[PDB]
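Starting off, we have a lone chain in the form deposited in one PDB entry, written out as structure tokens.
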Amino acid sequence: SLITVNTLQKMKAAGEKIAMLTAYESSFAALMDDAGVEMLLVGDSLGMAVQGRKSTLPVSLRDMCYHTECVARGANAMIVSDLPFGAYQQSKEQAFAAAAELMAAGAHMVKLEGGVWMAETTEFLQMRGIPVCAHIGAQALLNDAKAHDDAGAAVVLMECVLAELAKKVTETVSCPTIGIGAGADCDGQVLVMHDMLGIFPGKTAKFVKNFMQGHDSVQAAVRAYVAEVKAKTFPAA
């Protein structure tokens, strides 16, 4: 029942789309886990969704560890935690230290940002038992994707990428790919919980769908998300 990296690999091979959503609290993590969400992303997006800041840069490693521990008490699903700004780019050794704290806090994988210049860090961590989700995002994108794949990234995440390009990347790398605003050709999808639940007022990002509307329970709204992700309904045009 527990979702592992092998689980994601089998799903990629079988073509079964992976459902990912952000999570920052125990209650919602538990709700999403039981609702079918395979990967829970404790992302630095909490700097805006939870802390109410204008950017994610001020989020600290302590903040990430706190929310990771919270989510871990609630959730079978795999917990992925973001290495926060400034906590891992100094060197691969610093990255390892930070990632280690996140793993000790309950994470099963850590997410880092950067292209080819970060590939050495991906390898350093993966070789030491820390699964890595490499966040990237034409030829530059492919190079970044390959670099991290070669380095052993467990998952490659793309944000705001041409559908056609994402498809090519997904077929080029051996590891599963996850996307947001990158089309349905990716091995899976991810959305910020608060966004797909219509927590924020006014229109929503073009690449985000409100799954709250149409249902009278968050539990149903999430299941609908998972459903459309596997049915390849979402993302649509």
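The first residue of the shown sequence is 1; numbering continues from there.
Absent from the display: the form solved in complex with a small molecule. The rest refers to it.
Enquirer: Pick the stretch from 169-177, 66-74, 32-40, 189-197 whose residues have a heavy atom within 4.5 Å of the small molecule in the deposited bound form.
Expert: After filtering at 4.5 Å, what remains is 189-197.
Enquirer: Of the options 159, 93, 120, 150, which one has a non-hydrogen atom that comes within 4.5 Å of the small molecule in the deposited bound form?
Expert: Going through each option in turn, the one that passes is 159.
Enquirer: Flag residue 144 as yes or no: does it have a non-hydrogen atom within 4.5 angstroms of any non-hydrogen atom of the small molecule in the deposited bound form?
Expert: No, residue 144 is distant from the partner.
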